[PDB]
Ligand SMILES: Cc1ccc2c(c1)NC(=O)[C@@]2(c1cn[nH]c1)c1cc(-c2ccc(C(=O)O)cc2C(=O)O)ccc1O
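First, one chain by itself in structure tokens, the form solved without the ligand.
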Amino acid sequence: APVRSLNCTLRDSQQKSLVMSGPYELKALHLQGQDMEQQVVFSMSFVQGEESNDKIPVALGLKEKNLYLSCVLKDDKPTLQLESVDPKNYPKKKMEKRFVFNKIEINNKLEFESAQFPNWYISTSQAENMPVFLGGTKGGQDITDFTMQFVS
């Protein structure tokens, strides 16, 4: 059958929500009440790739939009971007490497490591309303842990 997907939202471990910052970036911020309608809803697809109990390959597309988080080198650096794709062909089981994230469950938290760039992870800043980016470690000052919420 087609690739399976789930609608969901993500928050960082500081409980910051994710929203759009222009058409090709996301930002993270403290949201509650009416304002959370601003949050982005993702369609998380369970795709092809190396898997284990706690390590699941996924794609993160924006629900009902032909936009996917992807990891590419930009100015010689692994970087996270929102890339447009052909809506007739996505999502699919066999997503290209750049689109794939290893969803890792550790201590009640989730990490999204780039399948393409080992040990690079979806990250947020502690500061409010800063971009979501690709970070070169699960260590450090930045935030690399998230929780997932299921959406109808």
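In this text, rigid core is short for the largest set of C-alphas that superpose within 1.5 Å between two forms. Residue numbers run from 1 along the displayed sequence.
The form deposited with the ligand bound is left out here; the points below concern that form.
The site on the displayed chain is blocked: the ligand, placed by C-alpha superposition from its pose in the bound PDB entry, has three or more atoms within 2.4 Å of backbone or C-beta atoms. Residue contact check for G49: none of its heavy atoms lie within 4.5 Å of the ligand in the bound PDB entry. Contact check for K94: a non-hydrogen atom falls within 4.5 Å of the ligand in the bound PDB entry. Core-based superposition between the shown form and the other one shows that, of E96, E111, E83, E51, only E51 has its Cα displaced by 2 Å or more. The pair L73 and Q48 separates in the bound PDB entry: their C-alpha atoms are at least 3 Å more distant from each other than in the form depicted.
Distance between the C-alpha atoms of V47 and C71: longer by at least 3 Å in the bound PDB entry than in the displayed form.
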